[PDB]
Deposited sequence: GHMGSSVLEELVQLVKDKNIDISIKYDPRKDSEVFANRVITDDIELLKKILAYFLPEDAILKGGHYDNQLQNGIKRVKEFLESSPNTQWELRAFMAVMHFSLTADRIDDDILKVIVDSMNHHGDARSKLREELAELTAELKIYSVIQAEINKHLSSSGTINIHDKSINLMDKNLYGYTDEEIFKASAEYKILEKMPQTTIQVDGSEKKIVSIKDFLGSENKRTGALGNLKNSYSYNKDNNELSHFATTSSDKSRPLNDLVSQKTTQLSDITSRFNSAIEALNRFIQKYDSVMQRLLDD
C-alpha cells in the first residue's frame, strides 16, 4: 500500500475543510440521564484516544508505509465523511465508518451508508436495518412464489400464463395466510398493494388480481422492472427472474449479516465509551 502521513492531521484537516464536527450525543436507548452534546473534534486528546482504538499510534501521529487494507480503509473513511459535509456527526457513526472499513468486520457501502445516515440523524440503525430486511425478505418471498410456478411449467414442458390466467399474487394462501386481515398487515401485502392489478371475469363478476406480469413489470420494488414481457411462455424470462432472485437474495443475506455485525459494533462502542 501507499505511504501516508499523520491520520490525525489528515482527519482534522478534512473535518475543517468540510465543516464537520463529531459529537457524542445522548442515546435514549442506552443512557440513563440526558447530557449536553460532547464535541470530540474540539478535544484532540480525546480524538486521539478514539483513533487509537482502531489504529496504531504510529499511523495516528506519523503515518508510514500502510498496507493495502489500511490505505483503502482510510480512503473509505474520508469518502464517508465527505459524503455528509456541514454536519454535526454523531461519534457512533464515525466509529461505525472506522470499524466497518478498517477491520475484518466489513459491511458494503450501500448498507453502511444506511447505518451511518441513521446514526447521524439520531435514529436507531438496528430498527432501520430490520425494516429494510423485512421489505427485501417479502419481495424475495413473492419472487419465490413466481419461481415455483415457473419451475412447475418448465418441468412439465408446459406453458405459463402471466397475464389474465396468471396465479393471483394477492391470494393470501400463496404465503401461508388463512386470515385476510392478518395478510393485509404483512410485509408481503405492503409490496403487493403498490402493484398494478389486472381485471378478470369470474362467474360473470369482475375480480382483481395481481398477475405475475403486473409484479415483474413494476418499478415499485427493490429489483426494479422487467421489460418486453409476454403474456405466456412455453417450455416445449426464467433466466431474468433467476438473476433478479439471486440479486435480491444477496442483498437480503448482506442485510442479515449486517444486523449481526451492527449488534457486535454497538457492544464495542459501549465498551469504548466506558474507557473514555
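In this entry, the deposited residues absent from the coordinate set span 237-255, 296-298.
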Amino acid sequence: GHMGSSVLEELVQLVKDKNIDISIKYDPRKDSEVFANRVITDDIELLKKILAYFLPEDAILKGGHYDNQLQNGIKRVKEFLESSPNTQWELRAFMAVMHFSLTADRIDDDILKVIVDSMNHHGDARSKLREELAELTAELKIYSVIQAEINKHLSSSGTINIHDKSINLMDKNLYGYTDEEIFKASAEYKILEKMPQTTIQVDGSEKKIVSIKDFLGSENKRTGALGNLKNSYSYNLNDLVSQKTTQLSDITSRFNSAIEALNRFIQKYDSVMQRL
From here on, numbers count along this sequence of modelled residues.
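The PDB entry reports B-factors from which the mean C-alpha value can be compared for 219-227 and 65-73; the larger average falls on 219-227. Per-stretch averaging of Cα B factors for 200-208 and 179-187 places 200-208 on top.
Annotation for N19: C-alpha temperature factor in the middle third relative to the rest of the modelled chain, per the entry. Ranked against the other modelled residues of its chain, the C-alpha B-factor of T245 as given in the entry falls in the lowest third. Among the modelled residues of the chain, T87 sits in the highest third by CA temperature factor in this PDB entry. Ranked by C-alpha B-factor against the other modelled residues of its chain, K25 falls in the lowest third. Per-chain ranking of the deposited C-alpha B factor places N238 in the highest third.
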